[PDB]
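A.B. asks: Please see the structure below; I have some questions.
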Amino acid sequence: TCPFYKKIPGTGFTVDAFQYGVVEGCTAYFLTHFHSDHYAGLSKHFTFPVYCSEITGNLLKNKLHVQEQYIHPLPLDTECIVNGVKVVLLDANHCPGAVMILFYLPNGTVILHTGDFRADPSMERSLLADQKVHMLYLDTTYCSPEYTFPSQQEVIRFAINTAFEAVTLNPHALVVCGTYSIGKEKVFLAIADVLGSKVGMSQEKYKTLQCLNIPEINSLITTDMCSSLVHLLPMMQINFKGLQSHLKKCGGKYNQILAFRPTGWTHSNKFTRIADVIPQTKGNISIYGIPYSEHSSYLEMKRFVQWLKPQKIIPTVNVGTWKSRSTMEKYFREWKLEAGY
Ligand code: NI
């Protein structure tokens, strides 16, 4: 049965609610983004209307085989009527195709559902600027002050400089980057661009990347592993055993691997600056964990919410424990008292 924080009151609508069977009263199912915890339940046998971005719709059709007649793509930044209710999709600064949804309820209430997002000051000049929001359904993944990490631009700077230095010292080194979902494509694209290489990958991953509307993608990626000196591998293979096994397969072309694991936050963030990060090394293999986040830091979250001044907040992450729920409610009240709303 579908939980309350996935229902939009006063509508026939749900958000990211595909794993509960037929939801009673649901006339339209919104999907914020193509991440498995959110699409869990969709398949080619689904027969209700799905509303989403163009990119998410490309992924539903090609990767999950949802039939075309049930896919309803909407443009961003555009007032649209769905089943008699005005909605707007906004870029969530998460993975490709991810959106926030603004719902203008028939009784005058305005609701923002952030989906998964990385708050940014640029959102203060979207269509959010123009009116009041009564209820906020909020991605609270990192809602605690210990969660600090650098900008995405600082992280990419570190990765490009690390890769370029290593491969210029040793032209026979291979760079490997882990992946297990869409998102974080800048990591491998930026490294390949500095090295003058295409990115090599499996047929299944190439297919996924071809759904993303990335400009000039055919110039950037390939299934021909032999031609490429940046390879993508599943995240589970980014360890000494997996990388040894991969280097064997390269036919003595390479004699060293430098690998990256983009993670979210890890506790080494509470001590170490990005500049000071060091790898784990065994022989001719080195592995860097880099804190490339597609979710808000605590400070970015707090800034956004203090700017929006919502009347009520409904968390959508960390909702399973009383300790989590109580911690999150305490910060919401601090934020409201400090800013005066
Ligand atoms: Ni996500």
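Chain labels follow the order of the structure tokens: the first chain is A, the next B, and so on; residue numbering restarts at 1 in every chain, and ligands are counted from 1 in their shown order.
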As a PyMOL selection string, list the residues of stretch 22-234 of chain A assigned to strand (DSSP E or B) by DSSP on the backbone atoms of this structure.
C.D. replies: chain A and resi 28-30+50-52+71-73+80-82+85-91+99-104+110-113+135-138+173-179+199-200+221-222+230-234
A.B. asks: What residues of the protein or nucleic acid chains come within 12 Å of ligand 1 when you use only C-alpha atoms and all ligand atoms? Reply as a ChimeraX atom specification.
C.D. replies: /A:16,31-39,92-100,114-118,139-141,180-184,264,293-296,316-317
A.B. asks: Would you list, as a VMD selection string, the residues of stretch 60-303 of chain A that end up in helix (DSSP H, G or I) under DSSP run on this structure's backbone?
C.D. replies: chain A and resid 60 to 62 68 to 70 121 to 125 127 to 130 152 to 169 185 to 195 203 to 210 217 to 219 225 to 227 235 to 237 240 to 248 267 to 270 274 to 276 298 to 303
A.B. asks: Give me, as a list in words, all polymer residues having an atom no more than 12 Å from residue A:65, counting only C-alpha atoms and skipping those fewer than 6 positions away in the same chain.
C.D. replies: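 In the requested format, the answer is residues 42, 43, 44, 45, 46, 47, 57, 58, 59 and 71 of chain A.
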A.B. asks: Would you mind exporting the chosen residues as an mmCIF file, in the first residue's frame, restricted to N, CA and C atoms?
C.D. replies:
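part.cif, written as the output of this step:
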```cif
data_model
loop_
_atom_site.group_PDB
_atom_site.id
_atom_site.type_symbol
_atom_site.label_atom_id
_atom_site.label_comp_id
_atom_site.auth_asym_id
_atom_site.auth_seq_id
_atom_site.Cartn_x
_atom_site.Cartn_y
_atom_site.Cartn_z
ATOM 1 N N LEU A 42 7.544 -0.394 -12.449
ATOM 2 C CA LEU A 42 7.272 -0.201 -13.884
ATOM 3 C C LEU A 42 7.888 -1.290 -14.737
ATOM 4 N N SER A 43 7.228 -1.633 -15.849
ATOM 5 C CA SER A 43 7.616 -2.679 -16.836
ATOM 6 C C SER A 43 6.788 -2.505 -18.124
ATOM 7 N N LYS A 44 7.025 -3.321 -19.163
ATOM 8 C CA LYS A 44 6.191 -3.242 -20.426
ATOM 9 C C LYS A 44 4.678 -3.560 -20.310
ATOM 10 N N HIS A 45 4.273 -4.102 -19.166
ATOM 11 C CA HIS A 45 2.862 -4.467 -18.932
ATOM 12 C C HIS A 45 2.063 -3.366 -18.232
ATOM 13 N N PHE A 46 2.754 -2.303 -17.784
ATOM 14 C CA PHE A 46 2.054 -1.130 -17.194
ATOM 15 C C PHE A 46 1.075 -0.480 -18.177
ATOM 16 N N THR A 47 -0.179 -0.245 -17.715
ATOM 17 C CA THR A 47 -1.258 0.310 -18.550
ATOM 18 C C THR A 47 -1.935 1.598 -18.004
ATOM 19 N N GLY A 57 11.180 9.699 -20.337
ATOM 20 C CA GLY A 57 10.349 8.934 -21.306
ATOM 21 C C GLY A 57 11.185 8.107 -22.299
ATOM 22 N N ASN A 58 12.327 8.612 -22.747
ATOM 23 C CA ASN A 58 13.238 7.820 -23.648
ATOM 24 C C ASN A 58 13.708 6.593 -22.937
ATOM 25 N N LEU A 59 14.038 6.678 -21.632
ATOM 26 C CA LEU A 59 14.538 5.565 -20.848
ATOM 27 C C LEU A 59 13.425 4.540 -20.579
ATOM 28 N N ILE A 71 3.190 6.616 -22.242
ATOM 29 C CA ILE A 71 4.256 7.633 -21.916
ATOM 30 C C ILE A 71 3.836 9.049 -22.313
#
```
A.B. asks: Write out as a ChimeraX atom specification which residues come within 10 Å of residue A:288 when counting only C-alpha atoms, dropping same-chain ones fewer than 4 positions away.
C.D. replies: /A:159,162,177,238,258-262,277-281
A.B. asks: Keeping only N, CA, C and O atoms, write those residues as a PDB file, in the first residue's frame.
C.D. replies:
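Generated file (result30.pdb):
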```pdb
ATOM      1  N   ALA A 159      39.595  15.525 -10.477  1.00  0.00           N
ATOM      2  CA  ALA A 159      39.658  14.321 -11.272  1.00  0.00           C
ATOM      3  C   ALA A 159      40.475  14.561 -12.585  1.00  0.00           C
ATOM      4  O   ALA A 159      41.240  13.642 -12.974  1.00  0.00           O
ATOM      5  N   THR A 162      44.262  14.939 -11.770  1.00  0.00           N
ATOM      6  CA  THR A 162      44.778  13.631 -11.370  1.00  0.00           C
ATOM      7  C   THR A 162      45.000  12.675 -12.557  1.00  0.00           C
ATOM      8  O   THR A 162      46.096  12.113 -12.736  1.00  0.00           O
ATOM      9  N   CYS A 177      36.438   4.199 -14.741  1.00  0.00           N
ATOM     10  CA  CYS A 177      35.450   4.894 -13.887  1.00  0.00           C
ATOM     11  C   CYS A 177      34.238   3.956 -13.639  1.00  0.00           C
ATOM     12  O   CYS A 177      33.633   3.421 -14.574  1.00  0.00           O
ATOM     13  N   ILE A 238      34.909  -2.208  -9.199  1.00  0.00           N
ATOM     14  CA  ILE A 238      35.943  -1.236  -8.870  1.00  0.00           C
ATOM     15  C   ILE A 238      36.574  -1.617  -7.514  1.00  0.00           C
ATOM     16  O   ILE A 238      36.303  -1.005  -6.492  1.00  0.00           O
ATOM     17  N   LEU A 258      44.456   3.502 -13.236  1.00  0.00           N
ATOM     18  CA  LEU A 258      44.028   4.486 -12.322  1.00  0.00           C
ATOM     19  C   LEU A 258      42.460   4.490 -12.381  1.00  0.00           C
ATOM     20  O   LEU A 258      41.925   4.659 -13.463  1.00  0.00           O
ATOM     21  N   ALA A 259      41.778   4.260 -11.260  1.00  0.00           N
ATOM     22  CA  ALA A 259      40.303   4.117 -11.198  1.00  0.00           C
ATOM     23  C   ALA A 259      39.665   5.115 -10.241  1.00  0.00           C
ATOM     24  O   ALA A 259      40.248   5.543  -9.234  1.00  0.00           O
ATOM     25  N   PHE A 260      38.449   5.533 -10.608  1.00  0.00           N
ATOM     26  CA  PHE A 260      37.601   6.422  -9.810  1.00  0.00           C
ATOM     27  C   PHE A 260      36.250   5.760  -9.424  1.00  0.00           C
ATOM     28  O   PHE A 260      35.558   5.221 -10.323  1.00  0.00           O
ATOM     29  N   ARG A 261      35.890   5.914  -8.142  1.00  0.00           N
ATOM     30  CA  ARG A 261      34.593   5.556  -7.578  1.00  0.00           C
ATOM     31  C   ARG A 261      33.889   6.802  -7.132  1.00  0.00           C
ATOM     32  O   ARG A 261      34.177   7.337  -6.027  1.00  0.00           O
ATOM     33  N   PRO A 262      32.927   7.280  -7.940  1.00  0.00           N
ATOM     34  CA  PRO A 262      32.192   8.366  -7.446  1.00  0.00           C
ATOM     35  C   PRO A 262      31.240   7.717  -6.379  1.00  0.00           C
ATOM     36  O   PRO A 262      30.643   6.569  -6.536  1.00  0.00           O
ATOM     37  N   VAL A 277      42.927  14.438  -0.871  1.00  0.00           N
ATOM     38  CA  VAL A 277      42.509  13.040  -1.080  1.00  0.00           C
ATOM     39  C   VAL A 277      43.611  12.155  -1.754  1.00  0.00           C
ATOM     40  O   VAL A 277      44.257  12.561  -2.743  1.00  0.00           O
ATOM     41  N   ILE A 278      43.789  10.970  -1.203  1.00  0.00           N
ATOM     42  CA  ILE A 278      44.735  10.009  -1.666  1.00  0.00           C
ATOM     43  C   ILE A 278      44.042   8.706  -2.006  1.00  0.00           C
ATOM     44  O   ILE A 278      43.017   8.386  -1.445  1.00  0.00           O
ATOM     45  N   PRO A 279      44.649   7.922  -2.876  1.00  0.00           N
ATOM     46  CA  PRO A 279      44.040   6.671  -3.306  1.00  0.00           C
ATOM     47  C   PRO A 279      44.379   5.516  -2.403  1.00  0.00           C
ATOM     48  O   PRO A 279      45.304   5.645  -1.573  1.00  0.00           O
ATOM     49  N   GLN A 280      43.676   4.402  -2.582  1.00  0.00           N
ATOM     50  CA  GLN A 280      44.142   3.063  -2.153  1.00  0.00           C
ATOM     51  C   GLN A 280      44.935   2.393  -3.273  1.00  0.00           C
ATOM     52  O   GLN A 280      44.466   2.312  -4.395  1.00  0.00           O
ATOM     53  N   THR A 281      46.080   1.803  -2.967  1.00  0.00           N
ATOM     54  CA  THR A 281      46.982   1.316  -3.976  1.00  0.00           C
ATOM     55  C   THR A 281      47.430  -0.105  -3.656  1.00  0.00           C
ATOM     56  O   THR A 281      47.743  -0.384  -2.474  1.00  0.00           O
TER      57      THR A 281
END
```
A.B. asks: What's around residue A:106 at 12 Å? Count only C-alpha atoms, leave out sequence neighbours fewer than 3 positions away in its own chain, and write the answer as a list in words.
C.D. replies: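 Final neighbour list, sorted by chain and number: residues 9, 10, 11, 12, 81, 83, 84, 85, 86, 87, 103, 109, 110 and 111 of chain A.
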A.B. asks: With only C-alpha atoms as the atoms that count, which of A:305, A:163, A:225, A:314 lies nearest to residue A:123?
C.D. replies: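 Of the candidates, the smallest distance to residue A:123 is held by A:305.
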A.B. asks: Applying 8 Å and only C-alpha atoms, which residues near stretch 200-215 of chain A remain after dropping the ones on its own chain fewer than 6 positions away? List them as a list in words.
C.D. replies: residues 55, 58, 59, 62, 63, 96, 97, 182, 221, 222, 223, 224, 225, 227, 228, 229, 230, 231, 232 and 233 of chain A
A.B. asks: Can you pull out every residue within 10 Å of residue A:274, counting only C-alpha atoms, but drop anything in the same chain fewer than 2 positions away, and send it as a ChimeraX atom specification?
C.D. replies: /A:149-150,154-155,157-158,269,272,276-278,290-291
A.B. asks: For the residues selected in the previous step, produce a file with C-alpha atoms as a compact mmCIF listing (two decimals), in the first residue's frame.
C.D. replies:
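Output (result.txt):
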```txt
# COMPACT_ATOMS: atom_id res chain seq x y z
CA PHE A 149 31.11 17.94 0.47
CA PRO A 150 32.70 20.23 -2.25
CA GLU A 154 35.96 21.36 -7.56
CA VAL A 155 35.53 17.59 -7.74
CA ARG A 157 38.89 19.81 -11.34
CA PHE A 158 40.55 17.26 -9.03
CA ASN A 269 34.63 14.15 4.35
CA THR A 272 39.95 15.57 4.56
CA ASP A 276 44.30 16.22 0.18
CA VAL A 277 42.51 13.04 -1.08
CA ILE A 278 44.74 10.01 -1.67
CA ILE A 290 35.68 11.05 -5.00
CA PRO A 291 32.65 12.83 -3.29
```
A.B. asks: Let me make sure I understand: among A:339, A:90, A:15, A:220, which one has the smallest atom-to-atom distance to residue A:310 if we use only C-alpha atoms?
C.D. replies: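 Distance minimum relative to residue A:310 lands on A:339.
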A.B. asks: Measuring atom to atom with only C-alpha atoms, identify which of A:323, A:113, A:61, A:312 is nearest to residue A:336.
C.D. replies: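 Closest to residue A:336 of all the choices is A:312.
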A.B. asks: Using atom CA of residue A:302 and atom CA of residue A:76 as the two end points, give the distance in Å to one decimal.
C.D. replies: 24.9 Å
A.B. asks: What does the structure give for the distance between atom CA of residue A:70 and atom CA of residue A:102, in Å to one decimal?
C.D. replies: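 So the two atoms, atom CA of residue A:70 and atom CA of residue A:102, lie 21.6 Å apart.
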A.B. asks: As an exercise, work out the distance from atom CA of residue A:253 to atom CA of residue A:168 in Å and give it to one decimal place.
C.D. replies: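 We find that atom CA of residue A:253 and atom CA of residue A:168 lie 15.8 Å from each other.
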A.B. asks: Rank nothing, just name the residue among A:18, A:271, A:51, A:5 nearest to residue A:30, using only C-alpha atoms.
C.D. replies: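 Ranking A:18, A:271, A:51, A:5 by distance to residue A:30, first place goes to A:51.
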A.B. asks: My list of candidates is A:101, A:112, A:299, A:176. Which is closest to residue A:191 when distances are computed with only C-alpha atoms?
C.D. replies: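 Nearest candidate to residue A:191 out of A:101, A:112, A:299, A:176: A:176.
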A.B. asks: Out of A:48, A:77, A:189, A:105, which residue has the shortest atom-to-atom distance to residue A:125 when counting only C-alpha atoms?
C.D. replies: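 Residue with the minimum atom-to-atom distance to residue A:125: A:77.
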